[PDB]
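Undergrad: these are from a larger complex, still in place; more later:
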Amino acid sequence: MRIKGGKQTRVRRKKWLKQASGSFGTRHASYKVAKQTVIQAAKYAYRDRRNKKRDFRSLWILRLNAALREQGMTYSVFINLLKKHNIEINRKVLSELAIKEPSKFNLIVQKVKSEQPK
């Protein structure tokens, strides 16, 4: 019983080739280089999901910090005032407010500024 390989190697090879579509030259043509690039690309994608979670936080912090310095308050004290006033809002939504709703963002800063903590 001589089992002969055909359509088994080609199908699993073409899957890797399909994944590595849009690469530079031989990186999409040859199966070997395509397989290496897909594995490396998967590693990159894994690492950059974690790094995206951190980098977008940093960007929101930067935007919020800037929005506060125009009014004379700093980020380091704004978050402290937020905690003492029990207000719980993401820096993402706060930055979205300062870019989309200047009046309501200014309302939040006014309350945290001076109103009695709790």
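TA: Yes, it's here. Numbers count the residues shown, from 1 in each chain, chains lettered A, B, ... in the order given.
Undergrad: how far is the helix or strand hosting residue A:41 from where the chain is centred?
TA: Per DSSP states H and E: residue A:41 is located in helix A:31-69. The chain centroid and the centroid of helix A:31-69 are separated by 6 Å, computed with Cα atoms, centre = their mean, to the nearest Å.
Undergrad: tell me which residues in that helix are buried?
TA: Of the residues in helix A:31-69, A:31, A:33, A:34, A:35, A:37, A:38, A:60, A:63, A:64, A:65, A:67, A:68 count as buried by neighbour count, 16 or more other Cβ atoms under 10 Å. Placement of C-beta: from N, CA and C, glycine included.
Undergrad: residue contacts, residue A:27?
TA: Residue A:27 makes contact with A:20, A:33, A:34, A:37 under the criterion Cβ atoms under 8 Å, 6 or more residues apart in numbering.
Undergrad: tell me the two of those that are most distant?
TA: A:20 and A:33 (7.9 Å; Cβ to Cβ).
Undergrad: Looking at the contacts of residue A:27, spot the one nearest residue A:13.
TA: Nearest member of those to residue A:13, counting by Cβ to Cβ, is residue A:34, at 8.6 Å.
Undergrad: Spatially nearest residue to residue A:35, not counting backbone neighbours?
TA: Nearest residue to residue A:35, sequence neighbours excluded (Cβ to Cβ, 6 or more residues apart in numbering): residue A:16, at 4.7 Å.
Undergrad: Chain B follows; place it on the structure:
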Amino acid sequence: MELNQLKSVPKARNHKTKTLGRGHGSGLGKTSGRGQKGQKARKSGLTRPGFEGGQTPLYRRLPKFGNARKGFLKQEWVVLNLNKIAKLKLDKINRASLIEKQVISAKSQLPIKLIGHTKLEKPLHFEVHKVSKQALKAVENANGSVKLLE
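TA: Chain B goes in next, on the same frame as the chains above:
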């Protein structure tokens, strides 16, 4: 069960076959379980049985047993044991009766020996070439008897 649906009892037919050459996903790829570059990982094998890497093996270290009856064979005996003979159903135990009960082969001439201590209830009449003194005591403590063929 039909021939289009036939099934074995669970955990009787199929067991995990360890395939040693088909990929790392099975945990038995590349090296195939031999280890790494040593004598046991080559095609030769696992040396010799009893080898100790040059140190004198255990058998070569210990003295040889002695055979007093050199070139001889121990005389085999057919032994009737008292603890189990009660379970067998027969009276007047001779060679012919054992042949009918097929305990002994008709094409055998081995001498019959009686052995045992366990008490028996019904009396039996043995025809034995040899019998122990206390086995005879047990047999004759009941209403049985024993004759010693010569």
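Undergrad: and the contacts of residue A:27, now that chain B is in?
TA: Each residue near residue A:27 by Cβ atoms under 8 Å, 6 or more residues apart in numbering or on different chains is listed here: A:20, A:33, A:34, A:37.
Undergrad: Reformat those residues as CSV; add distance to residue A:49.
TA: Output for these, formatted as CSV (distance: Cβ to Cβ, whole Å):
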residue, distance to residue A:49
A:20, 20
A:33, 25
A:34, 23
A:37, 19
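Undergrad: ok, so of those residues, who is nearest residue B:137?
TA: Out of these, the member with the shortest distance to residue B:137 (by Cβ to Cβ) is residue A:34, at 93.0 Å.
Undergrad: hang on, isn't the closest one packed against residue A:20?
TA: Yes. Applying Cβ atoms under 8 Å as the test, residue A:34 and residue A:20 come out as touching, 3.7 Å apart.
Undergrad: Using PDB, write out the CA atom coordinates for stretch B:52-70.
TA: What follows is stretch B:52-70, C-alpha atoms only, in PDB (Å, rounded to 0.1, in the frame of the first residue of the first chain):
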ATOM      1  CA  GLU B  52      28.000  -1.700  33.600                       C
ATOM      2  CA  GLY B  53      30.200   0.400  31.400                       C
ATOM      3  CA  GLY B  54      33.300  -1.700  32.000                       C
ATOM      4  CA  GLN B  55      32.900  -2.300  35.700                       C
ATOM      5  CA  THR B  56      32.500  -6.000  36.500                       C
ATOM      6  CA  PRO B  57      28.800  -6.900  36.300                       C
ATOM      7  CA  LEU B  58      26.900  -8.200  39.200                       C
ATOM      8  CA  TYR B  59      26.900 -11.800  38.000                       C
ATOM      9  CA  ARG B  60      30.600 -11.700  37.300                       C
ATOM     10  CA  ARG B  61      31.100 -10.400  40.900                       C
ATOM     11  CA  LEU B  62      29.200 -13.200  42.700                       C
ATOM     12  CA  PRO B  63      30.300 -16.800  43.200                       C
ATOM     13  CA  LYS B  64      28.700 -19.600  41.200                       C
ATOM     14  CA  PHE B  65      26.100 -22.000  42.700                       C
ATOM     15  CA  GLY B  66      27.100 -25.600  42.900                       C
ATOM     16  CA  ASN B  67      25.200 -28.500  41.200                       C
ATOM     17  CA  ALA B  68      25.700 -31.700  43.200                       C
ATOM     18  CA  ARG B  69      23.900 -34.000  40.700                       C
ATOM     19  CA  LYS B  70      25.900 -32.900  37.600                       C
END
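Undergrad: Chain C comes next; put it on the structure above:
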Amino acid sequence: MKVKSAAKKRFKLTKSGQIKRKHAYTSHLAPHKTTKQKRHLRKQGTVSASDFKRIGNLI
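TA: Just below you will find chain C, in place on the chains above:
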């Protein structure tokens, strides 16, 4: 498989599978051992667990 001719003549088996053996250092040079040592080495023994597996497949 053939039983090793050296494994036999040196290792006798028992009812429960233990492998009986003889003590060594009982061939010559007697004055270099104490009578306590000699009378302890006269008695027979059994292979240890470190050798039981190696002798089982040897017999």
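Undergrad: that older thread, would you tell me whether the helix holding residue A:41 gets close to chain B?
TA: No. Helix A:31-69 stays clear of chain B (Cβ under 8 Å from any Cβ of the partner chain), getting no nearer than 14.1 Å.
Undergrad: For the next helix or strand after that helix, name the packing helices and strands.
TA: Past helix A:31-69, heading to the C-terminal end, the next element that is a helix or strand (DSSP H and E) is helix A:75-84. Judged by 3 or more Cβ pairs under 8 Å, 6 or more residues apart in numbering or on different chains; DSSP states H and E, helix A:75-84 is in contact with helix A:31-69, helix A:102-114.
Undergrad: which residues sit in contact with the residue nearest the centre of chain C?
TA: The C-alpha lying nearest the average C-alpha coordinate of chain C belongs to residue C:21 (Cα atoms, centre = their mean; 2.4 Å). Residue C:21 makes contact with B:62, C:10, C:11, C:12, C:44, C:45, C:46, C:47, according to Cβ under 8 Å, 6+ apart.
Undergrad: coming back round to it: between the helix holding residue A:41 and helix A:75-84, how many degrees?
TA: Between helix A:31-69 and helix A:75-84, the angle comes out at 80 degrees (axes from the mean of the first three to the mean of the last three Cα atoms, to 10 degrees).
Undergrad: so helix A:31-69 versus helix A:102-114, what angle?
TA: Orientation check (the same axes, to 10 degrees): helix A:31-69 against helix A:102-114 gives 60 degrees.
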